[PDB]
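Novice: This is the structure I want to talk about, given as structure tokens.
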Amino acid sequence: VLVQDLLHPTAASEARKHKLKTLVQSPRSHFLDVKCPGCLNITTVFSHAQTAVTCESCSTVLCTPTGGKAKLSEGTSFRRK
Amino acid sequence: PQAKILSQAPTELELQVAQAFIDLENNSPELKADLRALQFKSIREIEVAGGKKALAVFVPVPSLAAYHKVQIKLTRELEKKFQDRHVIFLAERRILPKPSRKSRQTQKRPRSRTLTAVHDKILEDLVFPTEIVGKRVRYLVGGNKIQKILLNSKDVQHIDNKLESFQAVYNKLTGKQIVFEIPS
Amino acid sequence: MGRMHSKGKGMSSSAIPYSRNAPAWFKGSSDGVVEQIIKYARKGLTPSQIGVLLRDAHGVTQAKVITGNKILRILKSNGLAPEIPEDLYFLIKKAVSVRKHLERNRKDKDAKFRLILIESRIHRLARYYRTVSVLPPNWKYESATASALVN
Amino acid sequence: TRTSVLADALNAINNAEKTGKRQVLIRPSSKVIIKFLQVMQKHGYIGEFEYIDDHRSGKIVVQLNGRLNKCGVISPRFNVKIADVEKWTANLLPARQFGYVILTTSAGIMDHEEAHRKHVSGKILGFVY
Amino acid sequence: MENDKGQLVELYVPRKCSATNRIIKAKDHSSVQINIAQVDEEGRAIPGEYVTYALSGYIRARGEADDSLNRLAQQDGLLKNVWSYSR
RNA sequence: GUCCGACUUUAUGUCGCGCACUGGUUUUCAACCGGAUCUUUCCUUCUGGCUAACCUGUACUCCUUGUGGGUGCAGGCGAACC
Ligand SMILES: [Zn+2]
């Protein structure tokens with residue numbers, strides 16, 4: 001504490017702290033590639049999406065707005081971007 | 001077609017580079033169909049420590065998109081043709097001085113033509129295949145400055161030994177020393 | 001953590017990523033993105049909803065990263081920027097809503113105070129937009145004329 | 001509202017020194033803070049600091065060595081004529097043998113002795129000793 | 001401190017805290033001076049030869065005396081990786 | 001170099017205060033201030049003066065065969081100045 005690095009703190013401590021409070025502030029969110037069982041189109045969605053995102057081919061929602069991040073639908077399969 | 005791909009007064013060394021560009025143009029399916037619309041702005045040579053050399057091609061810059069699209073392939077083929085000389089695809093940008101309080105009005109100098117912005121763009125384009133993910137500046141006790149650049153661990157394999165040549169190029173261009181570090 | 005018109009001290013916000021340039025994984029074209037922005041605006045959408053749509057349904061992190069211009073700037077280049085800026089318009093919408101609620105029931109004093117707060121905020125934002133000449137220098141907010149702008 | 005950023009920087013330095021630490025994290029990191037800390041380095045009251053680019057006004061990490069005992073800004077940057085420099089040194093510095101009134105002249109931000117050497121004076125920034 | 005002739009006039013140069021570089025008051029009745037014995041090849045504490053660290057009363061009262069001693073001993077090659085410079 | 005304090009009616013040889021005045025001050029030194037220069041690095045620039053000055057080359061070389069040194073006329077350096 002008396003002597004301590006701030007330029008290179010442990011990455012565990014980096015994930016520990018709040019966003020806007022790291023050395024350089026970087027978002028904790030990320031994007032996802034979701035596939036709906038309907039068609040083979042891959043849709044790029046946001047982790048903390050705010051809208052009932054649907055594939056352009058079919059009127060099926062892939063996410064759901066939530067106080068925090070998106071709650072995906074039942075049978076859609078995603079891969080982190 | 002040596003002269004067309006270079007919009008500057010001829011120089012014997014750069015003619016060889018243009019000829020190498022023609023030899024690159026010899027291969028059809030990927031090195032053509034985009035490489036025709038190419039130019040130059042007096043490529044220059046920077047000495048590197050240990051006898052190494054860094055050739056720096058100077059794009060006109062309204063077309064850095066095409067050079068960026070082509071750069072990786074052109075770099076490795078040119079290194080194959082050009083031994084011991086590392087090739088760097090730098091931009092050329094007009095650095096303007098400030099209107100001094102006693103000077104006369106010219107026009108609002110856009111910030112993109114300023115020393116700091118131009119140097120940031122030069123250092124960002126000193127290495128295309130990687131991206132700058134952090135910038136640290138340490139002022140030593142003795143009164144000299146160092147500008148650490150933190151680069152992506154991903155895609156570091158392209159720049160394996162070009163780090164020292166990058167340091168030499170930046171030092172020659174500016175005099176502002178620089179140390180490259182890759183975070184874990 | 002100021003909360004100009006209340007005692008709040010929050011700092012809930014968004015941290016713009018360090019890298020200004022385009023994300024590596026994005027495959028869309030800047031021209032296509034600008035066309036999408038134009039179409040969304042022609043649908044009758046404010047820039048904020050345009051940014052939300054581009055962030056959710058598509059890989060657009062933010063317009064300035066991909067195109068190089070901001071959403072309102074892109075709209076203004078094509079001449080779709082609304083005559084009243086979006087935040088001020090929403091402030092007038094809220095003010096007219098509270099005034100409607102007041103004139104439909106007099107005794108509610110808390111909403112009267114909230115209307116005072118909203119009108120103060122409207123005056124501040126109007127002063128700012130007037131000193132930048134976005135609005136004409138004769139532009140003012142009046143209680144009777146707010147409905148026409150909202151309607 | 002952060003009005004005088006240099007005030008926040010020097011206050012953080014003082015707090016992180018009185019508690020005995022060897023490092024400080026100054027958030028806003030303007031030019032004036034950089035020049036102030038550079039003068040302190042030149043005279044040794046500080047160690048080896050560092051600018052952390054944010055694209056967002058940056059930040060600074062300052063290394064100390066306990067040699068300093070107090071920074072401090074004169075928040076109204078009073079116009080200091082070359083005659084009033086001695087007055088400020090008497091009122092602020094603890095002894096004539098050391099201490100430095102860091103003041104901003106038309107020739108840059110300099111310690112009071114250097115400004116008196118150039119025979120130029122301007123506004124006063126702060127004091128270190 | 002130094003007379004113009006170059007002769008010292010100070011009564012005594014005070015010790016300084018080996019962890020915070022702050023001087024040790026004459027009546028600082030909380031500060032300590034630790035001695036750590038030098039060790040030869042076969043683990044015999046060589047007598048009369050050691051290394052001294054003057055910890056101030058301030059850090060001791062604060063509660064960081066042991067941490068500072070950990071770091072200070074690690075720097076001079078006494079303890080192996082007991083203290084990490086990055087918390 | 002200059003020299004003066006211990007040697008006392010005097011000094012130098014001597015004991016050096018480590019030079020009481022004045023220089024080499026590129027002896028490395030170290031600064032403490034400037035000035036000009038190269039950066040894609042401008043300091044308001046011309047328009048005639050005046051061309052001050054030699055990137056002028058016309059007649060040419062005073063003198064050791066030596067660009068040290070010049071008598072000098074159309075281009076042509078303007079911060080040396082109106
Ligand atoms: Zn489908």
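Starting from 1 in every chain, residues are counted up; chains themselves are A, B, ... following the order of the structure tokens, and ligands are numbered from 1 as listed.
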Taking only residues of chain C that have an atom at most 12 Å from an atom of chain B, what is each one's shortest atom pair and its distance in Å to one decimal, using only C-alpha atoms, in chain and number order, as JSON lines?

Specialist:
```
{"residue": "C:17", "atom": "CA", "partner": "B:133", "partner_atom": "CA", "distance": 10.0}
{"residue": "C:18", "atom": "CA", "partner": "B:133", "partner_atom": "CA", "distance": 7.2}
{"residue": "C:19", "atom": "CA", "partner": "B:133", "partner_atom": "CA", "distance": 6.7}
{"residue": "C:20", "atom": "CA", "partner": "B:133", "partner_atom": "CA", "distance": 10.1}
{"residue": "C:21", "atom": "CA", "partner": "B:131", "partner_atom": "CA", "distance": 9.3}
{"residue": "C:22", "atom": "CA", "partner": "B:131", "partner_atom": "CA", "distance": 10.8}
{"residue": "C:23", "atom": "CA", "partner": "B:131", "partner_atom": "CA", "distance": 10.4}
{"residue": "C:24", "atom": "CA", "partner": "B:131", "partner_atom": "CA", "distance": 9.7}
```

Novice: With C-alpha atoms retained, write the just-selected residues as a CSV table (one decimal), in the first residue's frame.

Specialist:
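That gives us result_4.csv:
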```
chain,number,residue,atom,x,y,z
C,17,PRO,CA,-13.4,2.6,-25.8
C,18,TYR,CA,-9.8,3.9,-26.2
C,19,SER,CA,-9.4,2.9,-29.9
C,20,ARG,CA,-11.0,5.6,-32.1
C,21,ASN,CA,-10.6,3.6,-35.3
C,22,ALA,CA,-13.0,1.0,-36.5
C,23,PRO,CA,-13.2,-2.3,-34.6
C,24,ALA,CA,-11.3,-5.2,-36.2
```

Novice: DSSP on the backbone: which residues in chain A end up as strand (DSSP E or B)? Give the answer as a PyMOL selection string.

Specialist: chain A and resi 31-35+42-46+54+61+77-80

Novice: Would you name the residues within 10 Å of ligand 1, counting only C-alpha atoms (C1' of nucleotides) and all ligand atoms, and put them as number ranges by chain?

Specialist: A: 35-42, 54-61

Novice: With N, CA and C atoms retained, could you export that selection as a compact mmCIF listing (two decimals), in the first residue's frame?

Specialist:
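Heads up, here's the output in part-v2.txt:
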```txt
# COMPACT_ATOMS: atom_id res chain seq x y z
N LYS A 35 -27.49 -16.74 -33.79
CA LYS A 35 -28.20 -17.45 -34.84
C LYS A 35 -29.53 -17.90 -34.27
N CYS A 36 -30.61 -17.56 -34.98
CA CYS A 36 -31.95 -18.02 -34.64
C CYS A 36 -32.24 -19.32 -35.38
N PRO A 37 -32.91 -20.28 -34.74
CA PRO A 37 -33.21 -21.56 -35.41
C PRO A 37 -33.92 -21.42 -36.75
N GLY A 38 -34.55 -20.28 -37.00
CA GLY A 38 -35.29 -20.06 -38.22
C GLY A 38 -34.45 -20.13 -39.49
N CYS A 39 -33.53 -19.19 -39.65
CA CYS A 39 -32.66 -19.13 -40.82
C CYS A 39 -31.20 -19.19 -40.37
N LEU A 40 -30.30 -19.18 -41.35
CA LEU A 40 -28.87 -19.27 -41.10
C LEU A 40 -28.19 -17.91 -40.99
N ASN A 41 -28.95 -16.82 -41.06
CA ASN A 41 -28.36 -15.49 -40.94
C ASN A 41 -27.76 -15.31 -39.55
N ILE A 42 -26.58 -14.70 -39.51
CA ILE A 42 -25.90 -14.38 -38.26
C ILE A 42 -26.14 -12.91 -37.97
N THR A 54 -34.71 -8.31 -33.80
CA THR A 54 -35.20 -9.43 -34.60
C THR A 54 -34.33 -9.56 -35.84
N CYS A 55 -34.26 -10.79 -36.35
CA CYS A 55 -33.64 -11.01 -37.65
C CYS A 55 -34.48 -10.36 -38.74
N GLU A 56 -33.82 -9.80 -39.75
CA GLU A 56 -34.55 -9.15 -40.83
C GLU A 56 -35.37 -10.15 -41.64
N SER A 57 -34.98 -11.42 -41.65
CA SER A 57 -35.72 -12.42 -42.41
C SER A 57 -37.01 -12.85 -41.72
N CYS A 58 -37.00 -12.98 -40.40
CA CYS A 58 -38.15 -13.49 -39.67
C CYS A 58 -38.46 -12.59 -38.48
N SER A 59 -39.75 -12.38 -38.23
CA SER A 59 -40.20 -11.51 -37.14
C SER A 59 -40.17 -12.28 -35.82
N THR A 60 -38.97 -12.68 -35.43
CA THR A 60 -38.73 -13.39 -34.17
C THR A 60 -37.70 -12.61 -33.37
N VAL A 61 -38.04 -12.26 -32.13
CA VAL A 61 -37.12 -11.51 -31.30
C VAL A 61 -35.96 -12.40 -30.88
```

Novice: Give the residues of chain D that lie within 12 Å of chain F; count only C-alpha atoms (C1' of nucleotides), and format the answer as a ChimeraX atom specification.

Specialist: /D:113-120

Novice: Residues of chain F within 8 Å of chain B, using only C-alpha atoms (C1' of nucleotides), as a ChimeraX atom specification?

Specialist: /F:40-41,44

Novice: Write a file of the just-selected residues containing C-alpha atoms (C1' of nucleotides), as a PDB file, in the first residue's frame.

Specialist:
```pdb
ATOM      1  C1'   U F  40       6.685  19.059 -44.103  1.00  0.00           C
ATOM      2  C1'   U F  41       9.795  24.295 -38.577  1.00  0.00           C
ATOM      3  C1'   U F  44       4.220  40.416 -42.377  1.00  0.00           C
TER       4        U F  44
END
```

Novice: Check every residue of chain D for an atom within 9 Å of chain C, counting only C-alpha atoms, and provide those that qualify as an MDAnalysis selection string.

Specialist: chainID D and resid 1 54:56

Novice: With a cut-off of 6 Å and counting only C-alpha atoms, select all residues of chain C in contact with chain A and give the selection as JSON, numbers by chain.

Specialist: {"C": [15, 17, 56, 57, 58, 59]}

Novice: Just asking: which residues within chain D are alpha helix (DSSP H) according to DSSP, as a PyMOL selection string?

Specialist: chain D and resi 5-18+31-43+85-92+112-118

Novice: Would you mind exporting C-alpha atoms of the selected residues as an mmCIF file, in the first residue's frame?

Specialist:
```cif
data_model
loop_
_atom_site.group_PDB
_atom_site.id
_atom_site.type_symbol
_atom_site.label_atom_id
_atom_site.label_comp_id
_atom_site.auth_asym_id
_atom_site.auth_seq_id
_atom_site.Cartn_x
_atom_site.Cartn_y
_atom_site.Cartn_z
ATOM 1 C CA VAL D 5 -7.085 21.539 -11.781
ATOM 2 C CA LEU D 6 -3.559 22.293 -10.568
ATOM 3 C CA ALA D 7 -5.088 22.794 -7.125
ATOM 4 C CA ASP D 8 -6.475 19.255 -7.221
ATOM 5 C CA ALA D 9 -3.124 17.881 -8.383
ATOM 6 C CA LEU D 10 -1.132 19.598 -5.640
ATOM 7 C CA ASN D 11 -3.707 18.719 -2.985
ATOM 8 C CA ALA D 12 -3.461 15.068 -4.012
ATOM 9 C CA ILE D 13 0.336 15.303 -3.836
ATOM 10 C CA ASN D 14 0.167 16.798 -0.338
ATOM 11 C CA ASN D 15 -2.289 14.175 0.904
ATOM 12 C CA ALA D 16 -0.265 11.315 -0.582
ATOM 13 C CA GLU D 17 2.931 12.722 0.949
ATOM 14 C CA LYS D 18 1.650 13.440 4.470
ATOM 15 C CA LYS D 31 -0.054 21.241 -19.448
ATOM 16 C CA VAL D 32 0.383 23.275 -16.284
ATOM 17 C CA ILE D 33 0.519 20.195 -14.072
ATOM 18 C CA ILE D 34 3.151 18.674 -16.359
ATOM 19 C CA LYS D 35 5.296 21.810 -16.226
ATOM 20 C CA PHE D 36 4.857 22.122 -12.454
ATOM 21 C CA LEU D 37 5.967 18.536 -11.885
ATOM 22 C CA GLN D 38 8.826 19.009 -14.354
ATOM 23 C CA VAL D 39 10.103 21.966 -12.333
ATOM 24 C CA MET D 40 9.765 19.894 -9.169
ATOM 25 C CA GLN D 41 11.795 17.137 -10.849
ATOM 26 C CA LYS D 42 14.453 19.621 -11.934
ATOM 27 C CA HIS D 43 14.803 20.692 -8.308
ATOM 28 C CA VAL D 85 8.708 38.462 -6.116
ATOM 29 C CA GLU D 86 10.697 38.927 -2.905
ATOM 30 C CA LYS D 87 7.465 39.729 -1.063
ATOM 31 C CA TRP D 88 5.902 36.431 -2.139
ATOM 32 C CA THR D 89 9.069 34.498 -1.300
ATOM 33 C CA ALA D 90 9.089 35.998 2.190
ATOM 34 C CA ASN D 91 5.380 35.316 2.717
ATOM 35 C CA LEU D 92 5.408 31.741 1.360
ATOM 36 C CA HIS D 112 11.257 32.224 -8.963
ATOM 37 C CA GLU D 113 15.065 32.130 -8.930
ATOM 38 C CA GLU D 114 15.195 31.281 -12.635
ATOM 39 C CA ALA D 115 12.694 34.046 -13.410
ATOM 40 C CA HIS D 116 14.823 36.510 -11.449
ATOM 41 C CA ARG D 117 17.807 35.284 -13.471
ATOM 42 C CA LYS D 118 16.016 35.972 -16.761
#
```

Novice: In Å, with one decimal, what is the gap from atom CA of residue 3 of chain A to atom CA of residue 22 of chain A?

Specialist: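 Value for the atom CA of residue 3 of chain A-atom CA of residue 22 of chain A distance: 18.8 Å.
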
Novice: At a cut-off of 7 Å, list the chain E residues touching chain D, using only C-alpha atoms, as a count of residues only.

Specialist: 3

Novice: Please list as a PyMOL selection string every residue within 8 Å of segment 14-19 of chain F, counting only C-alpha atoms (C1' of nucleotides) and excluding residues in the same chain fewer than 6 positions away.

Specialist: chain F and resi 3+5-6
